[PDB]
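Reading through the structure tokens given below for one structure.
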Amino acid sequence: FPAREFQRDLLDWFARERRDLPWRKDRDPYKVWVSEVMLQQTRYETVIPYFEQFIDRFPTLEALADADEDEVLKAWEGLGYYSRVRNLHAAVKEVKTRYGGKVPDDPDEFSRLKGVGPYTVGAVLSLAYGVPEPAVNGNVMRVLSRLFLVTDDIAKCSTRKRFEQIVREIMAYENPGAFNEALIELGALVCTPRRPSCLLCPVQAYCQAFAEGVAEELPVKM
DNA sequence: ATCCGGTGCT
DNA sequence: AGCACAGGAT
Ligand code: SF4
Ligand SMILES: [Ca+2]
Ligand SMILES: [Ca+2]
């Protein structure tokens, strides 16, 4: 697989099209982490006002940790999934007491926190710290299942481990953050659930599902 | 190594 | 009412 050329074409694309969303203003692990929790449940158009107001109320991780839960829940009002923000609250309290207020940059450590799974680990540590971990969410599973014609149930751990391995193989290690972002952005903008925009896709030349005319049938879920 | 749940949509 | 989504789940 021509990894170097693929990276070129994907990142050249991403440099052109990258959206300057609010959570892309800096590489604060705390802000990145908050945006990822919000975006796991809710579309980005809705997330935009909530994120800006949440951070305004809680500018730092210690600010969040120090807040009463009632305050946290009120800030979350409208997003739903209240138990997810309670878990976020718990996790940042642990970060403050145990990790001196700094989001741990070791994957195994960060993963030990309540609510923090493989995607959240990879997304935060690669976007904020440049740690070359995969950040495989639904978008990325869709993109990769198409590029490499993966027909296995994406609900399975074995399928997700295969996606991770693919990423570790093809990742641009000179910038794992931009690489992971670009895969996610591709799935947001171009390689969409229905009717992906293959005629405008920067990595069309590499895509097995397009070559086989079966993009719309991917990913497989059961 | 999952399979669960809160949510939106219909 | 049933269904799809989307990640973490221990
Ligand atoms: S060519 Fe079509 S299916 Fe293949 S990656 Fe690009 S958008 Fe997705
Ligand atoms: Ca974990
Ligand atoms: Ca099974």
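Chain identifiers are assigned alphabetically (A, B, ...) following the order of the sequence lines, protein sequences preceding nucleic acid strands; residue numbering begins at 1 within each chain.
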Those residues that, when tested against A/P2, pass side-chain contact (heavy atoms from CB on, under 4.5 Å) (two or more places apart):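 A/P2: side-chain contact (heavy atoms from CB on, under 4.5 Å) contacts with A/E5, A/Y206.
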
Results of side-chain contact (heavy atoms from CB on, under 4.5 Å) for A/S35 - residues two or more places apart only: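 For A/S35 the side-chain contact (heavy atoms from CB on, under 4.5 Å) partners, ignoring immediate neighbours, are A/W23, A/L39, A/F51.
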
Less than 3.5 Å apart, which donor and acceptor atoms pair up between the side chains of residues 77-86 of chain A and the rest of the protein, not counting sequence neighbours?
residue: A/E77; atom: OE1; partner: A/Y82; partner atom: OH; Å: 2.8

Aromatic ring proximity A/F163/A/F148, centre distance under 6.0 Å: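 Ring centroids of A/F163 and A/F148 are no less than 6.0 Å from each other.
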
side-chain hydrogen bond (donor to acceptor under 3.5 Å, both in side chains) partners for A/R18, two or more places apart: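 Applying side-chain hydrogen bond (donor to acceptor under 3.5 Å, both in side chains) to A/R18 gives A/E181.
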
A/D108: partners by side-chain hydrogen bond (donor to acceptor under 3.5 Å, both in side chains), with sequence neighbours left out: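 Expected list: none.
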
Cation-aromatic face contact A/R19/A/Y44, 6.0 Å, 45 degrees: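 That pair qualifies as a cation-pi contact.
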
Each nucleotide N or O in nucleotides 5-8 of chain B that has a protein N or O under 3.5 Å away: list the pair and distance.
residue: B/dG6; atom: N2; partner: A/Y81; partner atom: OH; Å: 3.0
residue: B/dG6; atom: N3; partner: A/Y81; partner atom: OH; Å: 3.2
residue: B/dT7; atom: OP1; partner: A/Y81; partner atom: N; Å: 3.0
residue: B/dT7; atom: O4'; partner: A/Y81; partner atom: OH; Å: 3.2

Salt bridge [X]-[Y], side-chain N to carboxylate O under 4.0 Å:
X	Y	value
A/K25	A/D20	no
A/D153	A/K221	no
A/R57	A/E52	no

Pairing annotation in dot-bracket form, given for DNA chain C with Watson-Crick or G-U pairs under 3.5 Å and | for cross-strand partners: |||||.||..

A/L73 backbone acceptor or donor facing A/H89 side chain under 3.5 Å: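 No, because the side chain of A/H89 does not come within donor-acceptor range (under 3.5 Å) of the backbone of A/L73.
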
Heavy-atom donor-acceptor pair, A/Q7 side chain to A/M171 backbone, under 3.5 Å: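 It does hold such a pair.
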
Touch class at under 4.0 angstrom, heavy-atom based, for A/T120 against every strand present: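 The answer is sugar-phosphate, as A/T120 gets under 4.0 Å only of primed atoms, P, OP1 or OP2.
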
Touch class at under 4.0 angstrom, heavy-atom based, for A/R160 against every strand present: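 The answer is base, as A/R160 lies within the cut-off (heavy atoms under 4.0 Å) of a base atom.
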
Pairs satisfying salt bridge (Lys or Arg N to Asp or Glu O under 4.0 Å), at least one member in residues 119-144 of chain A, at least two apart: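 Listed once each, the pairs are A/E133-A/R168.
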
Residue pair A/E36, A/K31: steps toward the salt bridge (charged side-chain N to carboxylate O under 4.0 Å, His left out) verdict: CA-CA 9 Å; A/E36 298 291 344; A/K31 301 198 194 65; over 6 Å; no

Residues touching DNA chain B, which here means a heavy atom under 4.0 Å, drawn from residues 130-158 of chain A: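 Heavy-atom cutoff 4.0 Å gives A/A155, A/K156, A/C157, A/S158.
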
For DNA chain B, the residues among residues 182-198 of chain A that have a non-hydrogen atom under 4.0 Å from it: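 Heavy-atom cutoff 4.0 Å gives no residues at all.
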
First and last nucleotide of DNA chain C, 5' to 3', lying under 4.0 Å from heavy atoms of chain A: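 Taking any atom under 4.0 Å from a heavy atom of chain A, the span is C/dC5 to C/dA9.
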
A/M222 CE to B/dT2 P, straight-line distance once rounded to whole Å: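 One finds 12 Å between P of B/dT2 and CE of A/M222, rounded.
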
Test ring pair (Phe, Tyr, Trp, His ring centres under 6.0 Å) applied to A/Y50 - qualifying residues, sequence neighbours left out: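 Listed in chain order: nothing, the list is empty.
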
